[PDB]
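If you read the sequence shown in full-length UniProt numbering, its first letter stands for residue 1, the second for the next number, and so on.
Using N, Cα and C, we set each Cβ at its ideal position, and we do this for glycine too.
Only one structure is covered here, and it is reproduced in the block below.
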Amino acid sequence: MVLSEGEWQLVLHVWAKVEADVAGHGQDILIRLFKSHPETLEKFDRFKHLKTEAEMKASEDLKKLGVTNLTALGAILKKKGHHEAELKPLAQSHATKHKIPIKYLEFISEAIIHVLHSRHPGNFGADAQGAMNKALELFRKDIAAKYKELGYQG
Ligand code: HEM
Numbered sequence: 001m002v003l004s005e006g007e008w009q010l011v012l013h014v015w016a017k018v019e020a021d022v023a024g025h026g027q028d029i030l031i032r033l034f035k036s037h038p039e040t041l042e043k044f045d046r047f048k049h050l051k052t053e054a055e056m057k058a059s060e061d062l063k064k065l066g067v068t069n070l071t072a073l074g075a076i077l078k079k080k081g082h083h084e085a086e087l088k089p090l091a092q093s094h095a096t097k098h099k100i101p102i103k104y105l106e107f108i109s110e111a112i113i114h115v116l117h118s119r120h121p122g123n124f125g126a127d128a129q130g131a132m133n134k135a136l137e138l139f140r141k142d143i144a145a146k147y148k149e150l151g152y153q154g
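So this is what it looks like as structure tokens:
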């Protein structure tokens, strides 16, 4: 799979809006992930204790984590597919240290799409969402291949 420049444009156009407030989008996305797929929260030893959305929103550390997560993703998206260098450290830590299965990357991809659909309807119409889904599917495909190379693929 490979995206067209036109599709990359749709992806980077909405991401530019996301960047107006990375911290806020990071919070919304992680909170959506944890509420839609509670099992995912268990992978965060530093935040596994959070019981409610209120506690999640009030967590300064969770906010920092969200910023780090979206900034890393933004760098990857901006490479428009030429993200081999960026995927190496990310794949290693998530496969070997955090033990994050591909299914969970699909879950966070779903959360990203949900939040963008909610916050940016004008710039996240059907075609734009399709482009973003295509970009995230490419990300997960390449990450999965790396996982396999690293001996995890899960
Ligand atoms: C869009 C996909 C994701 C990106 C770009 C991403 C990015 C990052 C980055 C940059 C870090 C810090 C450096 C590192 O350890 O590699 C990190 C840490 C971490 N990630 Fe992810 N991540 C993603 C998805 C996930 C998912 C789905 C989970 C689990 C449900 C997860 C769990 C973790 C954990 C447990 C840490 C450690 C947090 C801490 O205690 O400091 N990540 N991630």
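(Q) Considering only the alpha carbon of each residue, which of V2, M1 and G6 lies closest to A128? (A) On the sequence shown, position 128 is the one that residue 128 refers to. Of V2, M1 and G6, the residue nearest in Cα terms is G6.
Q: Using three-state DSSP, classify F124 as helix, strand or coil.
A: Along the sequence shown, one-based indexing puts residue 124 at 124. Of the three classes helix, strand and coil, the one that applies to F124 here is coil, per DSSP.
Q. What residue ranges within the UniProt domain "Globin" (2-148) form continuous alpha helix (DSSP H) runs of no fewer than 4 residues, ordered along the chain?
A. 5-18, 22-36, 53-58, 60-78, 84-92 and 102-119
Q) Cβ atoms of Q92 and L138: under 8 Å apart, would you say? A) Counting from one through the sequence shown, the residue named residue 138 turns up at place 138. Counting from one through the sequence shown, the residue named residue 92 turns up at place 92. Their beta carbons are not under 8 Å apart, which means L138 does not touch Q92 by this criterion.
Q.
Just to confirm before moving on: does the CB-CB distance between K35 and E53 stay below 8 Å?
A. Along the sequence shown, read from residue 1 onward, the residue named residue 35 stands at position 35. Along the sequence shown, read from residue 1 onward, the residue named residue 53 stands at position 53. Yes, these two residues count as a Cβ contact at 8 Å.
Q: Could you check which residue in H25, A23, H98 and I102 has the C-alpha nearest to that of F44?
A: In the sequence shown, counting from the first residue as 1, residue 44 sits at position 44. Nearest C-alpha to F44: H98.
Q: Report yes or no: do three or more beta-carbon pairs, one from the segment 6-24 and one from the segment 130-149, lie closer than 8 Å?
A: yes
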